[PDB]
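These notes are about the structure you will find just below.
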Amino acid sequence: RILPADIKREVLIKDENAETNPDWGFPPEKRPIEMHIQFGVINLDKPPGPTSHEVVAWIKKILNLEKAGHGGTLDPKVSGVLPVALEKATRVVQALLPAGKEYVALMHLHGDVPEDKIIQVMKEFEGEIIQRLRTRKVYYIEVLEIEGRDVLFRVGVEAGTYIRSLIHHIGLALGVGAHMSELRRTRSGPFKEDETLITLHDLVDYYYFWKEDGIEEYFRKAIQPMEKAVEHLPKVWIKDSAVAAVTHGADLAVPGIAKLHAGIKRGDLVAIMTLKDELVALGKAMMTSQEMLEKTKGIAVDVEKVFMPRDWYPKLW
Amino acid sequence: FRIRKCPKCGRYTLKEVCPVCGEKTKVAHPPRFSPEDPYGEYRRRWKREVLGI
Amino acid sequence: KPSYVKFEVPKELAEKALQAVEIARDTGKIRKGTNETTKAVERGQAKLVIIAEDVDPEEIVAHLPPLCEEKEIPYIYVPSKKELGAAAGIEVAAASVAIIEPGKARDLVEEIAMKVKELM
RNA sequence: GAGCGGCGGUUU
RNA sequence: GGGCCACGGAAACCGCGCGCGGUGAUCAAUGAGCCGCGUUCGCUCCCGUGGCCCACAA
Ligand SMILES: [Zn+2]
């Protein structure tokens with residue numbers, strides 16, 4: 001039940017006296033509904049039937065959006081967590097694609113096998129597996145219930161792992177063979193099965209409750225701030241005085257850091273946040289946490305994708 | 001569809017009563033949705049009432 | 001019980017609903033399944049709508065009560081979709097049924113409509 | 001134009 | 001020169017699947033079979049055009 005994204009990170013304070021000016025920027029709960037959508041992400045509960053692409057096409061038409069993109073494609077018959085990043089948040093899916101996933105799956109064996117052997121043999125699949133040629137991690141497998149040839153289980157896996165193929169290989173290890181009869185994604189990175197997970201019916205109904213009834217509350221809760229899509233990443237938080245620079249394509253230099261997560265290695269994907277926990281940009285660390293911590297000059301993060309508009313913070317340089 | 005889940009437990013099960021919670025379980029997949037949504041008007045009517053809108 | 005169940009129907013009355021459907025089927029005209037039930041209410045052909053109380057997800061039939069009141073057509077609940085199916089003359093469940101022509105159940109259907117009127 | 005995370009095909 | 005941002009780097013038909021409409025079935029009415037109509041998102045590199053900045057955080 002533990003994936004790498006579930007690691008607790010420690011915050012390291014670089015500048016004790018950094019403060020943020022409440023007049024600058026728009027932290028998620030100061031975003032007017034329209035702005036909230038522009039930088040929004042939907043934790044969608046995909047229904048079985050349509051493809052993932054089709055589902056996003058429907059969302060764009062119904063919600064009158066110009067742009068949107070989903071994370072890990074779910075197959076037509078599969079239900080569950082499908083992050084849908086909207087408008088200006090669209091490019092944040094690139095932070096989700098590589099994140100771990102969890103599924104509940106129903107396997108149907110093609111011959112009779114004792115419950116104990118089924119369980120014992122499935123447990124062997126935790127750890128590395130090779131599937132049709134590439135290697136992929138299985139972080140955990142938990143058998144929930146067995147009814148004859150029907151095996152209900154949960155599995156946490158590395159991005160790109162095919163549960164179908166896993167199930168097929170389990171069938172071969174047992175000899176009788178097996179196929180996947182039902183699949184549901186219950187987690188993708190920071191997106192999980194909680195109150196934010198919303199069906200298409202609720203999504204569109206809440207939308208109309210907003211546009212047509214004048215009730216903003218339900219639709220506002222249907223949309224997550226883009227910051228949510230970055231919850232699993234290591235962060236460096238920056239001072240107000242560096243924020244407009246970064247939004248203008250400046251790399252983040254050490255003197256601009258207020259605090260940062262421990263454990264950052266060179267080359268890591270990091271999220272650059274303001275002290276109000278707004279997403280500014282995605283980048284790649286050019287230093288370790290300890291380097292960023294002890295040094296007083298040099299480029300700490302190579303800024304690659306900028307999400308915050310250039311006019312949220314003044315050009316203090 | 002056979003996968004069910006406890007609305008209380010969060011437990012996934014094939015049973016109609018949660019082996020943990022004891023609560024009645026519900027089908028785990030969301031209802032199928034149409035871009036045409038022929039009865040949307042009426043579902044909204046029922047849903048506003050449920051939510052006290 | 002489910003939110004689309006807008007009122008309490010006594011065991012007696014529910015049993016009558018199944019009877020009406022059963023009688024209307026071989027002596028009159030009914031439609032079975034929610035798509036045909038809905039079309040019947042929309043085309044103004046349904047004299048009575050019968051809705052199962054164990055439908056999951058609720059969205060399968062939750063539009064019916066508002067749609068019926070719109071078209072001013074009486075609707076009533078029975079406890080079991082499986083049992084409503086059997087009465088409708090099929091071996092599978094039926095989440096909802098519409099009686100189009102009552103037949104030998106004219107009186108039964110007239111009675112039911114009166115008690116629900118009270119429950120509303 | 002080169003690739004990753006449902007598209008399989010015939011055409012300039 | 002460099003970074004960041006936007007737009008462009010094909011189009012039209014067919015098939016599965018799925019959706020809708022119609023019909024409504026000898027255990028798929030939470031929709032079979034058949035007919036007709038619809039229907040597939042983005043991201044990353046690199047390159048072209050255009051825009052904003054060159055900001056070690058004061
Ligand atoms: Zn419980």
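Note on naming: letters A, B, ... go to the chains in the order of the sequence lines (proteins, then strands), and numbering restarts at 1 for each one. What's counted below: heavy atoms across the whole structure, side chains too, no hydrogens, waters or symmetry copies.
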By nearest-nucleotide position on RNA chain E, the 5'-leaning member of A:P76 and C:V61 is A:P76
Report task. Look at the aromatic rings of A:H70 and A:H53 and report parallel, tilted or perpendicular, splitting at 30° and 60°. Result -> parallel
Pick base, sugar-phosphate or nothing for A:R164, based on heavy-atom distances below 4.0 Å to the nucleic acid.
nothing
Review point. NA contact type, A:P98, heavy-atom cut-off 4.0 Å: base, sugar-phosphate, or nothing?
Key: nothing
Annotated structure of RNA chain D as dot-bracket, pair cut-off 3.5 Å, Watson-Crick or G-U only, | for inter-strand, is ||||..|||||.
Counting only distance, no hydrogens or angles, is the base of E:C41 paired donor-acceptor with the side chain of A:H53 under 3.5 Å? yes
Applying salt bridge (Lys or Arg N to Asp or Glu O under 4.0 Å) to C:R31 and C:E36, what does each step give before you reach the verdict?
CA-CA 6 Å; C:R31 323 206 65 89; C:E36 301 180 36; 3.7 Å; yes
Less than 3.5 Å apart, any donor N or O on the side chain of A:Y207 or A:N64 sitting next to an acceptor on the other?
yes
* Checking A:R154 against A:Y140: charged group under 6.0 Å from the ring centre and within 45 degrees of the axis? -> no
note: A:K88, atom NZ; E:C5, atom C1'; distance rounded to Å ~ 12 Å
Atom CZ of A:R91 and atom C1' of E:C45 are separated, to the nearest Å, by 14 Å
Pairing partner of E:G24, by Watson-Crick or G-U wobble and under 3.5 Å for both distances, is none
ask   = Roughly how far apart, to the nearest Å, are E:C56 and E:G3 at atom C1'?
value = 15 Å
Whether A:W237 and A:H261 hold their rings parallel, tilted or perpendicular, with breakpoints at 30° and 60°:
perpendicular
* C:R31 vs E:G24: side-chain N/O to OP1/OP2 distance below 4.0 Å -> yes
In Watson-Crick or G-U wobble terms, with both distances under 3.5 Å, the base opposite E:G50 is E:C5
Testing E:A58, E:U40, E:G42 for proximity to the side chain of A:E54, the answer is E:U40
Using a cut-off of 4.0 Å on non-hydrogen atoms, how would the nucleic acid contact of A:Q94 be classed: base, sugar-phosphate, or nothing? sugar-phosphate
Salt bridge (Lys or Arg N to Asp or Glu O under 4.0 Å) with C:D56: of B:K5, B:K24, B:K26, B:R4, only one passes, and it is B:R4
Classified through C1'-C2'-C3'-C4' with positive north and negative south, E:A6 counts as north
Here the residues of residues 293-317 of chain A within 4.0 Å heavy-atom distance, strictly under, of RNA chain D are none
